[PDB]
Structure formats: structure tokens, C-alpha cells
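Structure file run.pdb with PDB, C-alpha atoms and all ligand atoms:
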```
ATOM      1  CA  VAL A   1     -35.254-107.363 -76.551  1.00  0.00           C
ATOM      2  CA  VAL A   2     -34.013-103.758 -76.511  1.00  0.00           C
ATOM      3  CA  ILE A   3     -36.438-100.874 -77.049  1.00  0.00           C
ATOM      4  CA  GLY A   4     -34.954 -98.303 -79.413  1.00  0.00           C
ATOM      5  CA  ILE A   5     -32.442-100.453 -81.306  1.00  0.00           C
ATOM      6  CA  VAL A   6     -31.326 -99.250 -84.746  1.00  0.00           C
ATOM      7  CA  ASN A   7     -29.828-100.839 -87.847  1.00  0.00           C
ATOM      8  CA  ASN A   8     -26.227-100.130 -88.819  1.00  0.00           C
ATOM      9  CA  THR A   9     -22.978-101.870 -89.730  1.00  0.00           C
ATOM     10  CA  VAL A  10     -19.919-102.584 -87.585  1.00  0.00           C
ATOM     11  CA  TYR A  11     -16.512-102.486 -89.243  1.00  0.00           C
ATOM     12  CA  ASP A  12     -14.420-105.658 -89.046  1.00  0.00           C
ATOM     13  CA  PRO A  13     -10.708-104.727 -89.192  1.00  0.00           C
ATOM     14  CA  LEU A  14      -9.590-108.333 -89.718  1.00  0.00           C
ATOM     15  CA  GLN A  15     -11.683-109.314 -92.740  1.00  0.00           C
ATOM     16  CA  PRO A  16     -10.275-107.038 -95.497  1.00  0.00           C
ATOM     17  CA  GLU A  17      -6.706-107.173 -94.183  1.00  0.00           C
ATOM     18  CA  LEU A  18      -6.731-110.976 -94.112  1.00  0.00           C
ATOM     19  CA  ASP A  19      -8.861-111.617 -97.199  1.00  0.00           C
ATOM     20  CA  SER A  20      -6.928-109.357 -99.572  1.00  0.00           C
ATOM     21  CA  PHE A  21      -3.618-110.938 -98.543  1.00  0.00           C
ATOM     22  CA  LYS A  22      -4.907-114.513 -98.207  1.00  0.00           C
ATOM     23  CA  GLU A  23      -6.292-114.385-101.765  1.00  0.00           C
TER      24      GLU A  23
ATOM     25  CA  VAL B   1       1.270 -82.227 -82.273  1.00  0.00           C
ATOM     26  CA  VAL B   2       2.755 -83.809 -79.141  1.00  0.00           C
ATOM     27  CA  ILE B   3       5.821 -82.296 -77.470  1.00  0.00           C
ATOM     28  CA  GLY B   4       8.237 -85.036 -76.445  1.00  0.00           C
ATOM     29  CA  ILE B   5       7.254 -87.817 -78.856  1.00  0.00           C
ATOM     30  CA  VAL B   6       9.860 -90.484 -79.635  1.00  0.00           C
ATOM     31  CA  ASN B   7      10.481 -93.013 -82.391  1.00  0.00           C
ATOM     32  CA  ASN B   8       9.990 -96.725 -81.757  1.00  0.00           C
ATOM     33  CA  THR B   9       8.242 -99.792 -83.150  1.00  0.00           C
ATOM     34  CA  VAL B  10       5.016-101.450 -82.008  1.00  0.00           C
ATOM     35  CA  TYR B  11       4.794-105.224 -82.298  1.00  0.00           C
ATOM     36  CA  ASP B  12       1.937-106.598 -84.399  1.00  0.00           C
ATOM     37  CA  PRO B  13       0.933-110.045 -83.068  1.00  0.00           C
ATOM     38  CA  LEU B  14      -1.225-110.794 -86.120  1.00  0.00           C
ATOM     39  CA  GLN B  15       1.251-110.195 -88.945  1.00  0.00           C
ATOM     40  CA  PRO B  16       3.836-112.991 -88.437  1.00  0.00           C
ATOM     41  CA  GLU B  17       1.315-115.556 -87.201  1.00  0.00           C
ATOM     42  CA  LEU B  18      -0.959-114.992 -90.200  1.00  0.00           C
ATOM     43  CA  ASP B  19       1.655-114.378 -92.893  1.00  0.00           C
ATOM     44  CA  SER B  20       3.840-117.392 -92.104  1.00  0.00           C
ATOM     45  CA  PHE B  21       0.800-119.686 -92.234  1.00  0.00           C
ATOM     46  CA  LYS B  22      -0.905-117.932 -95.161  1.00  0.00           C
ATOM     47  CA  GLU B  23       2.265-118.360 -97.251  1.00  0.00           C
TER      48      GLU B  23
HETATM   49  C1  LIG A 101     -33.774-102.964 -90.118  1.00  0.00           C
HETATM   50  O1  LIG A 101     -34.795-102.573 -89.244  1.00  0.00           O
HETATM   51  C2  LIG A 101     -36.076-103.058 -89.668  1.00  0.00           C
HETATM   52  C3  LIG A 101     -37.093-102.479 -88.714  1.00  0.00           C
HETATM   53  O2  LIG A 101     -36.573-101.346 -88.031  1.00  0.00           O
HETATM   54  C4  LIG A 101     -36.102-104.589 -89.716  1.00  0.00           C
HETATM   55  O3  LIG A 101     -37.286-104.941 -90.422  1.00  0.00           O
HETATM   56  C5  LIG A 101     -37.895-106.159 -89.963  1.00  0.00           C
HETATM   57  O4  LIG A 101     -37.278-107.312 -90.537  1.00  0.00           O
HETATM   58  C6  LIG A 101     -37.860-108.557 -90.123  1.00  0.00           C
HETATM   59  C7  LIG A 101     -37.036-109.653 -90.756  1.00  0.00           C
HETATM   60  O5  LIG A 101     -36.664-109.318 -92.086  1.00  0.00           O
HETATM   61  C8  LIG A 101     -39.328-108.604 -90.532  1.00  0.00           C
HETATM   62  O6  LIG A 101     -39.913-109.807 -90.045  1.00  0.00           O
HETATM   63  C9  LIG A 101     -40.071-107.399 -89.971  1.00  0.00           C
HETATM   64  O7  LIG A 101     -41.406-107.379 -90.464  1.00  0.00           O
HETATM   65  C10 LIG A 101     -39.364-106.107 -90.370  1.00  0.00           C
HETATM   66  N1  LIG A 101     -40.029-104.956 -89.780  1.00  0.00           N
HETATM   67  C11 LIG A 101     -40.144-103.781 -90.406  1.00  0.00           C
HETATM   68  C12 LIG A 101     -40.857-102.700 -89.650  1.00  0.00           C
HETATM   69  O8  LIG A 101     -39.690-103.597 -91.532  1.00  0.00           O
HETATM   70  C13 LIG A 101     -34.899-105.164 -90.461  1.00  0.00           C
HETATM   71  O9  LIG A 101     -34.781-106.559 -90.203  1.00  0.00           O
HETATM   72  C14 LIG A 101     -33.602-104.472 -90.050  1.00  0.00           C
HETATM   73  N2  LIG A 101     -32.489-104.928 -90.872  1.00  0.00           N
HETATM   74  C15 LIG A 101     -32.432-104.809 -92.207  1.00  0.00           C
HETATM   75  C16 LIG A 101     -31.194-105.349 -92.857  1.00  0.00           C
HETATM   76  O10 LIG A 101     -33.332-104.287 -92.860  1.00  0.00           O
HETATM   77  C1  LIG A 102      12.569 -90.269 -86.043  1.00  0.00           C
HETATM   78  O1  LIG A 102      12.620 -89.024 -85.406  1.00  0.00           O
HETATM   79  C2  LIG A 102      13.192 -88.015 -86.250  1.00  0.00           C
HETATM   80  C3  LIG A 102      13.290 -86.759 -85.415  1.00  0.00           C
HETATM   81  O2  LIG A 102      13.222 -87.058 -84.028  1.00  0.00           O
HETATM   82  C4  LIG A 102      12.365 -87.824 -87.525  1.00  0.00           C
HETATM   83  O3  LIG A 102      13.167 -87.042 -88.402  1.00  0.00           O
HETATM   84  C5  LIG A 102      12.412 -86.148 -89.237  1.00  0.00           C
HETATM   85  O4  LIG A 102      11.877 -86.814 -90.382  1.00  0.00           O
HETATM   86  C6  LIG A 102      11.125 -85.961 -91.258  1.00  0.00           C
HETATM   87  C7  LIG A 102      10.575 -86.844 -92.355  1.00  0.00           C
HETATM   88  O5  LIG A 102      11.544 -87.788 -92.791  1.00  0.00           O
HETATM   89  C8  LIG A 102      12.017 -84.842 -91.786  1.00  0.00           C
HETATM   90  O6  LIG A 102      11.239 -83.959 -92.586  1.00  0.00           O
HETATM   91  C9  LIG A 102      12.644 -84.078 -90.626  1.00  0.00           C
HETATM   92  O7  LIG A 102      13.575 -83.122 -91.122  1.00  0.00           O
HETATM   93  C10 LIG A 102      13.359 -85.040 -89.683  1.00  0.00           C
HETATM   94  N1  LIG A 102      13.902 -84.326 -88.538  1.00  0.00           N
HETATM   95  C11 LIG A 102      15.070 -84.642 -87.968  1.00  0.00           C
HETATM   96  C12 LIG A 102      15.476 -83.804 -86.795  1.00  0.00           C
HETATM   97  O8  LIG A 102      15.765 -85.564 -88.381  1.00  0.00           O
HETATM   98  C13 LIG A 102      12.043 -89.150 -88.209  1.00  0.00           C
HETATM   99  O9  LIG A 102      11.019 -88.970 -89.181  1.00  0.00           O
HETATM  100  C14 LIG A 102      11.589 -90.204 -87.201  1.00  0.00           C
HETATM  101  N2  LIG A 102      11.426 -91.500 -87.846  1.00  0.00           N
HETATM  102  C15 LIG A 102      12.402 -92.160 -88.485  1.00  0.00           C
HETATM  103  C16 LIG A 102      12.016 -93.480 -89.081  1.00  0.00           C
HETATM  104  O10 LIG A 102      13.545 -91.718 -88.576  1.00  0.00           O
END
```

Just give me the structure of the file as C-alpha cells.
Ligand SMILES: *[C@@H]1O[C@H](CO)[C@@H](O[C@@H]2O[C@H](CO)[C@@H](O)[C@H](O)[C@H]2NC(C)=O)[C@H](O)[C@H]1NC(C)=O
Ligand SMILES: *[C@@H]1O[C@H](CO)[C@@H](O[C@@H]2O[C@H](CO)[C@@H](O)[C@H](O)[C@H]2NC(C)=O)[C@H](O)[C@H]1NC(C)=O
Amino acid sequence: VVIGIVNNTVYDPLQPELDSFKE
Amino acid sequence: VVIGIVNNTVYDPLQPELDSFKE
């Protein structure tokens, strides 16, 4: 819908912190 | 770098809630 959007990635602080420990 | 800084602790709401359950 937005003119000029770009691809990138957004960091998720929760996922590594709570997947390394929960493993 | 800051003049007047003090020592203290900052509560982490995530750590107890998600380490007691993940144990
Ligand atoms: C990155 O951006 C490109 C375009 O800027 C996206 O490419 C489109 O992707 C859809 C779905 O895969 C296709 O139907 C279009 O034909 C693609 N267009 C072009 C110009 O390539 C792409 O989806 C974005 N994301 C990624 C991960 O590549
Ligand atoms: C609490 O504050 C004191 C100073 O206000 C800090 O003490 C310094 O600690 C560093 C690293 O351990 C030393 O190199 C300095 O010599 C210490 N200075 C003094 C005046 O003690 C201390 O790091 C802070 N944190 C804790 C947990 O004590």
C-alpha cells in the first residue's frame, strides 16, 4: 500500500534469549 | 561519561516469569 517501501529485517530481542535458554 | 551516576539494580520482568516456567 506504501509507495517506496524497502526490504529489510527487524531484530527480535526475545527470540534468541528465550530459545537458547529454553532449549 | 556521566558525572553523578549511581549504582543500583533494574528489575527485569521477563527473567523470573520465563525462567521459573521454563525450568
Ligand atoms: C523484496 O522486494 C522485492 C521487490 O522489491 C519483492 O519481490 C516480489 O516478490 C513477490 C512475492 O515473492 C513477487 O510476486 C514479485 O514479482 C516480486 N517483485 C520483484 C520486482 O521481484 C520481494 O517479495 C521482497 N522480499 C524478499 C524476501 O525478496
Ligand atoms: C559501584 O560504584 C563504585 C564507585 O562509585 C564502582 O567502583 C569502581 O569499580 C571499578 C571496577 O570494579 C574499579 O576499577 C574502581 O576502582 C572502583 N571505584 C571505587 C571508588 O570503588 C563500582 O564498580 C560500582 N559497582 C559495583 C557493583 O560496586

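For residue B:15, the set of protein, DNA and RNA residues having any atom at most 12 Å away, when counting all atoms listed in the file and skipping those fewer than 6 positions along the same chain, is residues 14, 17, 18, 21 and 22 of chain A; 21, 22 and 23 of chain B.
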
Would you superpose chain B on chain A, least squares on all C-alpha atoms in order, and hand back the fitted chain as a compact mmCIF listing (two decimals) with C-alpha atoms, in the coordinates of the input?
```
# COMPACT_ATOMS: atom_id res chain seq x y z
CA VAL B 1 -35.36 -107.37 -76.54
CA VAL B 2 -34.07 -103.79 -76.53
CA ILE B 3 -36.46 -100.87 -77.05
CA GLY B 4 -34.90 -98.31 -79.38
CA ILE B 5 -32.42 -100.47 -81.29
CA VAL B 6 -31.32 -99.27 -84.73
CA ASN B 7 -29.81 -100.83 -87.84
CA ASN B 8 -26.20 -100.13 -88.80
CA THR B 9 -22.96 -101.87 -89.74
CA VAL B 10 -19.90 -102.58 -87.59
CA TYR B 11 -16.51 -102.47 -89.28
CA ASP B 12 -14.41 -105.63 -89.09
CA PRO B 13 -10.70 -104.69 -89.18
CA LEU B 14 -9.62 -108.31 -89.72
CA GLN B 15 -11.69 -109.25 -92.77
CA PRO B 16 -10.25 -107.01 -95.53
CA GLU B 17 -6.68 -107.13 -94.23
CA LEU B 18 -6.70 -110.93 -94.08
CA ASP B 19 -8.82 -111.69 -97.13
CA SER B 20 -6.97 -109.42 -99.56
CA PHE B 21 -3.64 -110.98 -98.54
CA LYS B 22 -4.95 -114.55 -98.21
CA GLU B 23 -6.29 -114.37 -101.79
```

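Here atom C15 of ligand LIG 101 (chain A) stands at a distance of 15.8 Å from atom CA of residue A:2.
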
- Give the residue list for ligand LIG 101 (chain A) at 10 Å, counting all atoms listed in the file, as a VMD selection string, sorted by chain and then by residue number. chain A and resid 4 to 9

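Going from atom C9 of ligand LIG 102 (chain A) over to atom CA of residue B:3, you cover 14.9 Å.
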
Centre and edge lengths of an axis-aligned box around all listed atoms of ligand LIG 102 (chain A), with 6 Å added on each side, are to be given in Å to one decimal, as AutoDock Vina command-line options.
```
--center_x 13.2 --center_y -88.3 --center_z -88.4 --size_x 17.2 --size_y 22.4 --size_z 20.8
```

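We find atom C11 of ligand LIG 102 (chain A) and atom CA of residue B:12 to be spaced 25.8 Å apart.
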